[PDB]
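Number of protein chains: 10
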Amino acid sequence: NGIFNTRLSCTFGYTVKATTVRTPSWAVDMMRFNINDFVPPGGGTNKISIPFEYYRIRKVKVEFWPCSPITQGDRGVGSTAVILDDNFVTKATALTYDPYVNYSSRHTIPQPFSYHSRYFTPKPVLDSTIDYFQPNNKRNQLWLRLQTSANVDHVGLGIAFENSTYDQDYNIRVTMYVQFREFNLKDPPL
Amino acid sequence: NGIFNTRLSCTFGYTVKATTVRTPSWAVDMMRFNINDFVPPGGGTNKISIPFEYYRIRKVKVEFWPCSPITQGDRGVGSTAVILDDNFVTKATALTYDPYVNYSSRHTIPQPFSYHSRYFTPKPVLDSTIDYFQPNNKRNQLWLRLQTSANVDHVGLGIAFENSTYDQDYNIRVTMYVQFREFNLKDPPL
Amino acid sequence: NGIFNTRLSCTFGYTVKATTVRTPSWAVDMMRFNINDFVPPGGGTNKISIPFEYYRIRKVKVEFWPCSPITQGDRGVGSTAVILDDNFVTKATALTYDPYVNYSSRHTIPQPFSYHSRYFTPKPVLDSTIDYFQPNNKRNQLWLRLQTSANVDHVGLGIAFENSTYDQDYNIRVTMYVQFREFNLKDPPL
Amino acid sequence: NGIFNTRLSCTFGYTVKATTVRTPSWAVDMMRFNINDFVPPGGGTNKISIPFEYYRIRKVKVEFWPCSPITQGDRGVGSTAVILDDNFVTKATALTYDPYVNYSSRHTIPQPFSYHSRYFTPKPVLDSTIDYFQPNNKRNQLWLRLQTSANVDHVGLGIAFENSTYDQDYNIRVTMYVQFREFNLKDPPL
Amino acid sequence: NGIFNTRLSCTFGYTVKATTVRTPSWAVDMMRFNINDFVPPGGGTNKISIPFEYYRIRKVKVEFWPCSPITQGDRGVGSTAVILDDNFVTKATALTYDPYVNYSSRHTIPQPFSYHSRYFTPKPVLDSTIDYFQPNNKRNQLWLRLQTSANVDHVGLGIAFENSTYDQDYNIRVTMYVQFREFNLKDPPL
Amino acid sequence: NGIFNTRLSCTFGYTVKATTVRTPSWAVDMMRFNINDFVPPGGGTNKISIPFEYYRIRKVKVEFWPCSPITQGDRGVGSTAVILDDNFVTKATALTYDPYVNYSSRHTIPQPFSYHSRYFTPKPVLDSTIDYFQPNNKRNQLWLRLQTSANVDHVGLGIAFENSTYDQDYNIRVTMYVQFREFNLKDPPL
Amino acid sequence: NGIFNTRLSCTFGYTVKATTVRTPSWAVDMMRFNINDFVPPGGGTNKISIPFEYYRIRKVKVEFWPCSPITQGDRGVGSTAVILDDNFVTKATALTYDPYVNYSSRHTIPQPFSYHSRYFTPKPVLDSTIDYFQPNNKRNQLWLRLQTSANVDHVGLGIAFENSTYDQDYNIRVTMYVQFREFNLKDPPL
Amino acid sequence: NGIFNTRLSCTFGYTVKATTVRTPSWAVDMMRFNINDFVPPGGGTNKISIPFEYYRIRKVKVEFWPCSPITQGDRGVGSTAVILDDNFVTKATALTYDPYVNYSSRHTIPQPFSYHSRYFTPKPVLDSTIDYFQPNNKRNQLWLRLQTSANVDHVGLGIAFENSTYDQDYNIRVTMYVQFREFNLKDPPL
Amino acid sequence: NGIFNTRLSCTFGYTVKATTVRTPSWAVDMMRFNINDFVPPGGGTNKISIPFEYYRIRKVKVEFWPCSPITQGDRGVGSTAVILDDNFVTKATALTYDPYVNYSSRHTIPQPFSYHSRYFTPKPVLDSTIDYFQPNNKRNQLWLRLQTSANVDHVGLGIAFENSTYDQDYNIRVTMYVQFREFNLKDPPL
Amino acid sequence: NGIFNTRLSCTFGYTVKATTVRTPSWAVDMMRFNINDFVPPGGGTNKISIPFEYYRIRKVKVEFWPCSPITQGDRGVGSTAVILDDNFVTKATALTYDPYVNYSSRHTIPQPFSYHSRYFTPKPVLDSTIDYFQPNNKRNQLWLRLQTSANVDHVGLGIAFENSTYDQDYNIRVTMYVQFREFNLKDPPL
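Chains as they are written, first to last, in our numbering: chain W, 5 to 194; chain Z, 5 to 194; chain A, 5 to 194; chain P, 5 to 194; chain H, 5 to 194; chain C, 5 to 194; chain G, 5 to 194; chain S, 5 to 194; chain E, 5 to 194; chain V, 5 to 194.
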């Protein structure tokens, strides 16, 4: 009966640069989520402070939180999608158009004080040449050995934002769903 | 009422090298999906062009698209799985056997003109020592602060491909599902 | 009718360091899952051995497996969550407290011989400035071109572990769910 | 008709140390929850200010709350699981790998602004030699005498976090579900 | 077919001190429940008298039992909650106010002859730095090795009590639900 | 939308001493599960490697795993229960009788190669004087601040074992379910 | 995810005076239930031992317990009702008649060895001039700050008893249902 | 079979003072409901005329009754809510604004000839320091000993009223739901 | 058709004293909720600013809110219950044990950043000698006349908290459900 | 129509020895239940006073009953499981760890005043070499001849208890479910 799990989370911060061009214009950065951000290092008998064998993530619920007010206008839309391709559309300071209107995971979220989410499922990556992705299959999804600092990257959440001449502020809530494995609690003598 | 979202996507390209060995043989690369590929940089008042606080990815629907024809044979199978382990089975130019027949997320997809998908859920990573993965829990999954270029990697989609002496071509569609947060639209004066 | 998929998996290994401090204390590493770990390189006509066009991961089922025995005590809890934030809570050798009690994806899994899982959905990342995450939307999630070694990171599984003065051992099972695309099997002449 | 209960809660704070190593790396501390934190001392006719006979906890709903913003990146995943083993995987400042990918309660929660939860059930502990755990049985679960300061420890929530070079901040919400017993309200004379 | 379990229980006793101040006032102690109270030491071929490998607790049903009579008045309320935070609100002989009115697990139980319960789920703790908690996930919750006397603490049941100038008496019933593992019954020769 | 979680787990080991007395006889140790076993210490910007704010454990699924064979006889029963009382029945090397036949959480699990589980819910503890336990209430259960090494104990799993003249061996799997909170991922400059 | 709670209870004692008049005659006292009876005082970092922010009581289950035997006759009825009026019908040593036959919450419970209960919902009071009572609405019911000793009174349970020339004895069980709030566990340094 | 109950009720009267200020303005008093208003004193063999052991209130149905006519205008609204906080918003003769528009239990009831109700559940209070409130849990709610005149206060019903320059009149109906306990009817000899 | 109601609420504050004793220890204060806190005084034609006749409270939903962070550890549990006994278990600065483990309304809520609730029903009190409590009966529950400042106490929410050496902070939300009665709006001439 | 049965029960007593070691530690004894304890000897025409032919036990409902109070703390967990192995994990006075965390029938029951149960099914044993156990099959389960004093042993209930430095007391309730057979009532002449 190897069934046990709980809720794990952190926070972080990134910003899109405030522009000078008035145009309806979009801004890009990637989001890997590799677990070296997310396992603290332990000590003594063990090395990192979630020291188990095999992990897989069940679901992804990524919460949004604005510090931007209801007063703030020049109002536009932000974006968030599911991307799994390993070959990236171009990040720039200013790109001519929006390619996002012709891709698979298009939603609609306004700016600046909007908060929303997406509920989906990630996959791990081992070999760079193939990068093949599974169908929607929970029970036959792979597990792998937990590693120290060479744990595999996991691209987690698409993001895009309307650019204008102003500033905004936001907090970041990421709640993921990890099933844990191999109870082997270490009991030293003496 | 912080509920708002939309569909975000991009595209990219990678290739497995065309071989000289006739054997049933397999090829590997990892797939992180870190959001620096997926948020464009904005300007002026803000920095990246999806400048919100907290993100999590709901689901993953990674679409396949072949440029390979129905005529092309020597026909074999490709592979795609969910991997969440942070400690990788070996990539090579040619490995002796297939370990994939003994892991958790095994599906069956043919080659070369086949297109399919997998529907699953990712998790973010903070600490490298632990890398523990949640159970299948949407509502209690973590959110974190959006960061500029040090956003966390997210290993997204397993891939493996049968190797032979020929070439193939493919396009890549990645539709992810991101819920957005913290409406704080920036209104400058003057 | 571009619907075909199968189960893909690997394994890996990481450790949290065994400590000298007796306190209830936690340990962190990130987990990206970038697909260069997960596609083997092919040869001849093609380059990596899952050489298709477009991928997305359906779900994530990350299995746990302990080598730790039922005898091993000083017993505590490990952790695993869904994180999608791209801005990381601090990894250390020893941090003063646990911030994990105040985040979105909190579950409960004991130590040391415990094994569990999480069932969720990842997203890909293109642009670092935005990193916006989709809502829970499968069918409108993005696909992108498979790339050779610059495939996008995917942050896959949160992890955290109770630290004490002992050792533990664990194996890692990662089963992901990748839908595959673009049958273009390569048939050379001669 | 001895059926009566209500909602009891507190708050606390712990931190994972901010690191210098860039690796995907994990961090660990234990979480007991012994009730001496959770019963205030009374006076006069009675001693602690919840002075009843027999307690058991029905469920556990541990809420997450980030002070980390949506801007904060380098984004990874945190972790949270259910651990019940009494023999601990090693806490360290930096452990080599993540054992959490091979255990029973793996979920996926991102970092840094993510907030999530886990819904599960604890057990009390009397004898150190055995530490046997019940099946999922509510009505035939044990009750014991409330004690003054030697009340038994209860390991409550697994946690693990991705480690990097930055700081984060978090608040902690713990809502537990305790059924109360033995109305014997004390009426002094005079 | 590793499915077998039964009902395990004990009893104990603690008291809140009888006060001199008339005010509506509250009293606190923590409740860990570490399994060294709950496994008796065996002998001969084995060491503690529940000598198995891996444990997790399914649920918590903590029964209340008063020795206080129906006659006893000055009547007030007691409290019991689910706390999972690892950072404690302050115990005192007399604190100025009640913070409990602003937390997650608030119920209502009277005093002095009242008896009630709470039905919830615990988690184990390994690493002090993280202490991340799972979502409500049974099957993917972790197992760990049973240890001798360094078994991990488990914080089990919140408690708080109205303080006045009188005495009360109570018995304590704790019924927990532990699933057992690894039949390896020891048969010596001779 | 602060919902994200994953699966967290560890392992440990404890033993009941092998006896010389032939009698049907029982053995005891407590099981706290405090999260300092279960959060690894991070570094740099943060302290433990699951560095979030608020945690609670959803459920407890504690898996059993024997190293004892099917051949091993002199066959008896082990025990595992839910205890939430904070006042302990007596641990000894040999106690005269079994009080466990008269408590709330009695199940039946054989020895030596048996493996089973219990599915229940823990609570946190703040104040030692009260230690009141909630009713079975998920949504109104408390959250608290994650702390560094003074995180609260959580008594997690009752255990008891039949004693005889032989040895046994067991591994320990603890999968807990922790919901995570407060995405505040830390992005340093420079 | 601020949902956590548990069961809290106490006991007390009051008596109706044994009379000399043979008539069918009734006896009255009020029942406030102010939480200063029900939170024990803590120490050190905090003041009362359930030190949270906001409370509300979900339900009321007030259990009855007689010490009176089945032999005891001259048999009559007792009474218990829900009163919410803040302006009281007259208490006396002997009143001429029973006004209780013409009010809203009339039930029927015999004397002397009878035990029963009532299941209903309380409200808090702030301003004496108004004292307006809500409709049956759970989710839109108010929360307020927990106070030290000036916490607001809560009138909890109506009671009335048939008077005759004999003595009786009773114990008192009060199980209330309190949802708890604001995990802010206090971690001192040093 | 200790199940028996009936309907208990009384009446009382309070007034809000008739003002001179024309403004939309509000008026406050607290409502405890302590059972000394609600148990009559008996004689002879017993002391109060509902002389049982343990009580808890099931529900609260507080009926409204106006003596104000349908003719009476200057028409405004009154208020009634559920308050459980033990720390009070300020009563005055005239306060500047209405804080009630930002709290948990807001309903809408007009003035002056309006009559309505609220259906909810109270809790008892023992210790002033904690004052923690249960979740919505009937069967595990506490019972306590009935006391003579030091029975615990129970804050019962929030009230607020629009103030103007006129008079009104009202009657008060309070029907509560009390379950009774411990049949021990007293039979004297001679 | 005398059916009308709305949501009424306030806030307040109390604290449990921060201790010097390390033990798992509990803290108590009572919670009455008398409506003089909750009706503001009016003027002119009327006296308090909710000037109606008859009130009863439908339900109680007492929300928790922590100012304690997710970082704060030494983590324990708080408590909250339903108490209806009018005879109180002893408040102290430090009581020897926890009687709350043996009463009717036990739930489980952690500390310090936990927030939860309880959903239950209060009763009013008239006569101190009896204090009998109704069964779970809404429609036959009593109403009584609203009074000026002698409105009856209502014991509202049990609370108990784990005590340690640190500080915490909390806000208090109390939403109650009051049905209102007797439209007699006062229209002066001139 | 050979269908007739009724309820049969007894009581007994055993104790775990009170220890000197503070550790979380466990204690073990076996529980056979051979029917020579459970058939009284008759006389005259027959020999034992349930003198029928064939028996089998339908189910097992083993009730717990504590004499330990709600005051008693140092609180831990007890254990109870289903064991069917005939080769025993080691009983000792003190064993190093808990193997119970890695076996099949793990539940969670607290200590000391907890009471719970387990509902399961036994089997008879004839030949020591095999000791094979049936699947869950009622109707095809074996019957055998009732014997005088060489009736076959039946291992009935696993037990394990947390050990500490204190005493506890408990009563034992065992209700089993035996179907009876072969009406052959003996009628002597004369």
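The beta-carbon is built from N, C-alpha and C at its ideal position, and this holds for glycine as well.
Rounded distance between the beta-carbons of residue j and residue i, thought under 8 Å
i: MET35(P); j: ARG26(E); result: With 8 Å as the limit, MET35(P) and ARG26(E) do not qualify as a contact, their Cβ atoms being about 17 Å apart.
i: residue 201(H); j: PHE8(G); result: Nothing about residue 201(H) can be read from this structure; chain H reaches only from 5 to 194.
i: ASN155(H); j: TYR18(C); result: 5 Å
Coil, strand or helix - residue i by DSSP
i: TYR174(C); result: strand
i: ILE54(G); result: coil
i: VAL105(C); result: helix
i: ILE39(S); result: strand
i: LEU130(C); result: coil
i: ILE74(C); result: coil
i: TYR136(V); result: coil
i: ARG149(Z); result: strand
Host beta strand (DSSP E) of residue i (start-end)
i: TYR59(G); result: 57-70
i: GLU166(Z); result: 164-167
i: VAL86(E); result: Taken as a continuous stretch (DSSP letters only), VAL86(E) belongs to no beta strand (DSSP E), as it is neither H nor E.
i: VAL20(E); result: 20-22
Distance, residue j Cα to residue i Cα
i: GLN76(A); j: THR100(V); result: 9 Å
i: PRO192(P); j: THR23(H); result: 11 Å
i: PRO116(W); j: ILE74(W); result: 8 Å
i: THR169(G); j: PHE42(H); result: 51 Å
i: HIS120(G); j: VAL182(C); result: 39 Å
i: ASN167(G); j: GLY47(S); result: 6 Å
Proximal residues of chain W, C-beta to C-beta of residue i below 7 Å
i: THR27(Z); result: Chain W residues near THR27(Z): none, gap ~16 Å exceeds 7 Å.
Partners in chain C for residue i, counting only beta-carbon separations shorter than 9 Å
i: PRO139(S); result: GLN138, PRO139, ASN140, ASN141, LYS142, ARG143, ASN144 and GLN145
Within chain W, partners of residue i - CB distance below 8 Å
i: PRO126(P); result: Within 8 Å Cβ-Cβ: nothing; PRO126(P) doesn't reach chain W, min ~12 Å.
Proximal chain P residues relative to residue i, where beta-carbon distance stays under 8 Å
i: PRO114(W); result: Within 8 Å Cβ-Cβ: nothing; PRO114(W) doesn't reach chain P, min ~15 Å.
Chain-ordered neighbours of residue i on chain P, where CB pairs are closer than 7 Å
i: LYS95(E); result: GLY46, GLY47, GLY48, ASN50 and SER53
Chain H residues whose Cβ lies nearer than 8 Å to that of residue i
i: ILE134(Z); result: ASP131 and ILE134
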